[PDB]
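Below: one structure, written as structure tokens.
As a convention, Cβ positions derive from the backbone with ideal geometry for all residues, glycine included, and neighbour counts pool all protein chains shown. Each answer follows from the model by the rule given with it, or from the source it names; none is laboratory data.
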Amino acid sequence: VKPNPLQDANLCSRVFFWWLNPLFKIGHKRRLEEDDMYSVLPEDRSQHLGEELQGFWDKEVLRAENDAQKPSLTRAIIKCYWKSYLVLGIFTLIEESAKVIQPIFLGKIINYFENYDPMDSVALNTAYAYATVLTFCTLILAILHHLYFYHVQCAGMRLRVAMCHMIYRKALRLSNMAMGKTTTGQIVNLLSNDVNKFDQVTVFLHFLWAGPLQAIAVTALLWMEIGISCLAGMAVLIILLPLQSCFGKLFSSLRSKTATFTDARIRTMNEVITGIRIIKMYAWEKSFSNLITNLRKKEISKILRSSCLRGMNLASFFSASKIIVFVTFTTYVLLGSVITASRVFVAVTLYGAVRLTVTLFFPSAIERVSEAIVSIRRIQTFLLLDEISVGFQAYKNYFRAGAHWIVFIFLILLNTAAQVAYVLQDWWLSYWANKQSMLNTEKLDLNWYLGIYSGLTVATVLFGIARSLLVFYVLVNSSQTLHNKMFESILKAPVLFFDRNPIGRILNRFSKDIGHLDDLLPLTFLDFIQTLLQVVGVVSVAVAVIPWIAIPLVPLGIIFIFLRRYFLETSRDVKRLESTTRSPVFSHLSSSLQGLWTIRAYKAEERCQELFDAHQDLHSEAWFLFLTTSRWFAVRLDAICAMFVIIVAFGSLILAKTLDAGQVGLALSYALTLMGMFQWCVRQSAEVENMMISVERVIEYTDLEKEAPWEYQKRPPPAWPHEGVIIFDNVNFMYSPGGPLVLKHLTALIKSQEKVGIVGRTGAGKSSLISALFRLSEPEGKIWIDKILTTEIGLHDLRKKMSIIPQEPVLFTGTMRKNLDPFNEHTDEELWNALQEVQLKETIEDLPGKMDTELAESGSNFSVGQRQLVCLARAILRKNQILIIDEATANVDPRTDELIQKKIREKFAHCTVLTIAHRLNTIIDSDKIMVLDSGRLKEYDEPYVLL
Ligand SMILES: CCCCC[C@H](O)/C=C/[C@H]1[C@H](O)CC(=O)[C@@H]1C/C=C/CCCC(=O)O
């Protein structure tokens, strides 16, 4: 088979995942397909994860049913998986007591500088010990965390694989009564949407008892340094939850109404893309343009506000750590105390450690657990019922369609000032401290020192708020202007581009690509640039204090660029192995649920269980690699993220003779903040470059074929239907640019007011004479129509004067006044006269409005007879001279067809008609007939000679 090295691998070799290199050495050159991924451990099969839980649940049900109570399932899980989490809790108890010891040994190094005598070696080694205790917590946090994370992630897939097994095992004991009620759709939703929530629960399960413990320890440590003034920093940290939950539940409404706005646009686009051969022939391209532009305008007007909300939320998350420190320290200073450099940065670090975890992790865990319990209750209710007896162009084209480059020069200067203020606000405190220490009572004036601080604090907020809104606007205008180009381009592409491409493709494009452009890109771009600018400030602050930390940074910045590619090469292959191996599970489940009776008839109900186990083991294999390949990278990254700190600290120590406390504390407090942002910065770029493919494929349009224009300048006479004389020549056809000809040398002669009929063999080019008059596909040759050609005149000026009668009518979503006259150019009584002349006046009398009778379901409420009648009404009201009749007889014999034929024969004042048909009897009494052979034509004078 494929023995995996996860076993037979000593310790100190699976902490760095040293056993997973050959896979990368292989995938680097060959694109492993399916047979290069290892198997699973023995204790990860389904037969081993399904039987034990089934036994526990059966024992629970028995014990319960014994005494009068209701049985539960959340007690049969915990009875099996308690030792695992009992052991996993020790670590999270050990790593939460390390984020509290760093700031306590950071405040003891700084204290060496305030009291510094160069000729004293008994107090310099103790500082080295303090700094050494500070390099053992970073290793724990950064290196030993990625194995505990893998294990707590693997502790969920076991549950998710155990549930599905018993679920399926239950789906083969159902009785007829209980089966006919529930639909298979819900049984598959159980497995496709619910169990998939057990992979995130166990991750967010320890933030419920380790969140309320960290805050107490931190607010008890703060009291020993500064005092009561700590409370003034914990009140600006509990208000954010109220002031954000309500705003989010307000935000949801905008999204709801935006969706209910945009659904109609997609519906109308679906209705347009199908039936384009009728619109392009009736010249009705503008109405849809207008009633699409309106909806798009409304959608944009409703999206702007949501975008502003999200931008303000991001800007509030950016600069919340500056409103706490300002208040607490202005209070600590106004009460009567003095300021030093050993308390400030300790408090800074503690605040930064608390606010993040509390306000970002405590809320999500509750939602996760609630969803999990809901899913568990659903599955429980199920299990108890009865049984049986790219490139840079793709960025320019997307950024230069948003605004002039002046805006791209303004937002740069707007982004490169918020960070400057973010750093100067902190530098001011070090300046204050170093000026205080030099005293011996000539105290310090508070006005200056305390006003400059408020100024630096306000500028940050203003410059952090403006940027988000500006970026959002600049990035939404781009989509706003691309969609219009796309739409206006599709209304002119010939029909050739349509019959080869399927509707689903274009519609999925218009929906999903635009959704991505309008919803997700700006947020990711903004977060990425923000988290990328924070790091540069950290580095530039650490360098300016110790210029000798620029020599190793270059060796450390060249390994990242190669490692990223060495990983991404084979990281973009496992996703395919996951998806393609996941789909067969649902496929087999659906296939097996239907064909059930044919299974119970025979005593073979376990073979399918073996097949299901086999089909799930492959997904287990392909999922066991995702976690390991995601963890093989974070360790190497955290190695650097942690070596930086060691370098900084030991440099500060071996250079204690040429600096002071303020700047070293400033450097350390910024270096101890690098373990969270680096991962996010390196992780968002992946999503960005993944979803830019929609941008790429959208610009595939905006540059396509383009037929002749709609209107020239050589206008025709005010009325040029005078004498319909459609003469012909040796013109030919070409559907494809180099395809076969379906018509050869059709030189004929049609006279004014002469009803003509065309007969032939179905498939010999009988339905191709239509594509030359309306010139859908520009043919070769000459076609004179009343002393003038059809090639030196715009399409509209021609298509508008030749009325067609299609074979299969179609109705459009709207009133009964639009389908007959979308452009108001006639009078109501005229429409009434036409309708009553087409034998339909009482049919609309029944309905309420008589001018607002909405019809839907693609004209399903009427019969083909009424549809042909209303089309004849269109033709009548149009009142043209030429008339092109087509027919496809598949209706019934009753008075419908007889009446339409009588009307065609009597109503029209013998105005240049020419008919098509297949039934020989339909074409009778005509003047001249056309027999269409397999590519030529041999007509005769009258039907009296034909037979
Ligand atoms: C500004 C945000 C700083 C904190 C983000 C933190 O570094 C999470 C990073 C992500 C990144 O994909 C790599 C990694 O290990 C984390 C993946 C897990 C995310 C969900 C649980 C995060 C969780 O434990 O809560």
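Key figures
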item: Matching entry among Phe487, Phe497 (being surrounded by fewer than 17 Cβ atoms within 10 Å (Cβ to Cβ) and not aliphatic (A, V, I, L, M)); result: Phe497
item: Selected residue (criterion: nearest to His588 (Cα to Cα)) from residues of the range 145-168 that are within 14 Å of the ligand (Cβ to nearest atom) and among the aromatic types (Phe, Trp, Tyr); result: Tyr150
item: Single unsatisfied condition, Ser685 versus (1) more than 16 Å from the ligand (Cβ to nearest atom); (2) of a type in the set (S, T, N, Q); (3) surrounded by fewer than 17 Cβ atoms within 10 Å (Cβ to Cβ); result: (1)
item: Residue that is closer than 18 Å to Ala649 by Cα, under 39 Å from the mean Cα position of the chain (by Cα) and either surrounded by fewer than 18 Cβ atoms within 10 Å (Cβ to Cβ) or of a type in the set (D, E, K, R) (or both), where the choices are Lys108, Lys99; result: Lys99
item: Cross-chain or 6+ apart pairs with Cβ under 7 Å, the range 147-162 first and assigned by TED's automatic domain parsing to the domain that holds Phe626, then within 13 Å of the ligand (Cβ to nearest atom) and of a type in the set (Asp, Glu); result: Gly156/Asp199; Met157/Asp199; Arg160/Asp199
item: Checking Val635 against (1) farther than 23 Å from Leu674 by Cα; (2) of a type in the set (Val, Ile, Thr); (3) within 16 Å of the ligand (Cβ to nearest atom), the condition it does not meet; result: (1)
item: Residues of the range 780-790 that turn out to be part of a loop (DSSP other than H, G, I, E, B) and surrounded by 14 or more Cβ atoms within 10 Å (Cβ to Cβ), as a count; result: 5
item: Condition check for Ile273: farther than 12 Å from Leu491 by Cβ, surrounded by 14 or more Cβ atoms within 10 Å (Cβ to Cβ) and in the same structural domain as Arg500 (by TED's automatic domain parsing); result: no
item: Residue under evaluation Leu208, criteria (1) out of contact with any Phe, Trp or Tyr (no Cβ under 7 Å at 6 or more places or on another chain); (2) closer than 19 Å to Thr92 by Cβ; (3) in a helix (DSSP H, G or I), criterion not met; result: (3)
item: Residue in the range 855-873 that is surrounded by the fewest Cβ atoms within 10 Å (Cβ to Cβ), counting only those that are of a type in the set (A, V, I, L, M, F, W, C) and part of a loop (DSSP other than H, G, I, E, B); result: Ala856
item: Residue pairs meeting the criteria (Cβ under 7 Å; at least 6 apart or on separate chains; first β-branched (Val, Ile, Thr), in the range 349-370; second within 11 Å of the ligand (Cβ to nearest atom)); result: none
item: Qualifying residue in the range 326-335 (condition: under 20 Å from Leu666 (Cβ atoms), surrounded by fewer than 18 Cβ atoms within 10 Å (Cβ to Cβ) and not acidic (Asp, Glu)); result: yes
item: Residue in the range 658-679 that is outside any helix (DSSP H, G or I), within 16 Å of the ligand (Cβ to nearest atom) and out of contact with any helix residue (DSSP H, G or I) (no Cβ under 7 Å at 6 or more places or on another chain) present; result: yes
item: Some residue of the range 273-285 being closer than 30 Å to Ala235 by Cα, of a type in the set (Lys, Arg) and either touching a helix residue (DSSP H, G or I) at 6+ places or on another chain (Cβ under 7 Å) or in a helix (DSSP H, G or I) (or both); result: no
item: Candidates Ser777, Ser803, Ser771 - the one that is outside any loop (DSSP other than H, G, I, E, B), in contact with a helix residue (DSSP H, G or I) (Cβ under 6 Å, 6 or more places away or on another chain), in the same structural domain as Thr912 (by TED's automatic domain parsing) and surrounded by 14 or more Cβ atoms within 10 Å (Cβ to Cβ); result: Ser803
item: Single unsatisfied condition, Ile551 versus (1) outside any helix (DSSP H, G or I); (2) of a type in the set (A, V, I, L, M, F, W, C); (3) assigned by TED's automatic domain parsing to the domain that holds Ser685; result: (3)
item: Residues being under 42 Å from the mean Cα position of the chain (by Cα), aliphatic (A, V, I, L, M) and either surrounded by 14 or more Cβ atoms within 10 Å (Cβ to Cβ) or farther than 30 Å from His146 by Cβ (or both) - total across the range 55-96; result: 4
item: Given (1) surrounded by 16 or more Cβ atoms within 10 Å (Cβ to Cβ); (2) outside the structural domain of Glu700 (by TED's automatic domain parsing), index of the condition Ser306 fails; result: (2)
item: Complete set of residues in the range 119-129 that are assigned to a helix (DSSP H, G or I) and touching a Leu at 6+ places or on another chain (Cβ under 9 Å); result: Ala127, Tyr128
item: Odd one out for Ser630 among (1) surrounded by 14 or more Cβ atoms within 10 Å (Cβ to Cβ); (2) closer than 30 Å to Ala155 by Cα; (3) away from the ligand (no atom under 14 Å from the Cβ); result: (3)
item: Check on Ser252, polar (S, T, N, Q), exposed (fewer than 13 other Cβ atoms within 10 Å of the Cβ) and under 20 Å from the mean Cα position of the chain (by Cα); result: yes
item: Out of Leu49, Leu88, sole residue that is aliphatic (A, V, I, L, M), closer than 26 Å to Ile379 by Cα and in a helix (DSSP H, G or I); result: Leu49
item: All positions within the range 123-144 that are within 13 Å of the ligand (Cβ to nearest atom) and buried (at least 18 other Cβ atoms within 10 Å of the Cβ); result: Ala142
item: All helices (runs of 4 or more DSSP H) inside the range 316-422 with 1 or more residues being over 30 Å from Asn111 (Cβ atoms) and within 16 Å of the ligand (Cβ to nearest atom); result: 341-382
item: Residue match in the range 163-177 (condition: under 14 Å from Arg378 (Cβ atoms), part of a helix (DSSP H, G or I), among the charged types (D, E, K, R) and touching a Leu at 6+ places or on another chain (Cβ under 9 Å)); result: yes
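Residues checked against (1) in contact with a helix residue (DSSP H, G or I) (Cβ under 8 Å, 6 or more places away or on another chain); (2) among the hydrophobic types (A, V, I, L, M, F, W, C); (3) under 29 Å from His206 (Cα atoms):
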site	(1), (2), (3)
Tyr116	no, no, no
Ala123	yes, yes, no
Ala127	yes, yes, no
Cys137	yes, yes, yes
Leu141	yes, yes, yes
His145	yes, no, yes
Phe149	yes, yes, yes
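Residues are listed down the side, and each one gets a yes or a no for (1) within 16 Å of the ligand (Cβ to nearest atom); (2) among the aromatic types (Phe, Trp, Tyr); (3) surrounded by 15 or more Cβ atoms within 10 Å (Cβ to Cβ):
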position	(1), (2), (3)
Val195	no, no, yes
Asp199	yes, no, yes
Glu225	no, no, yes
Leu231	no, no, no
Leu240	yes, no, yes
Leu243	no, no, no
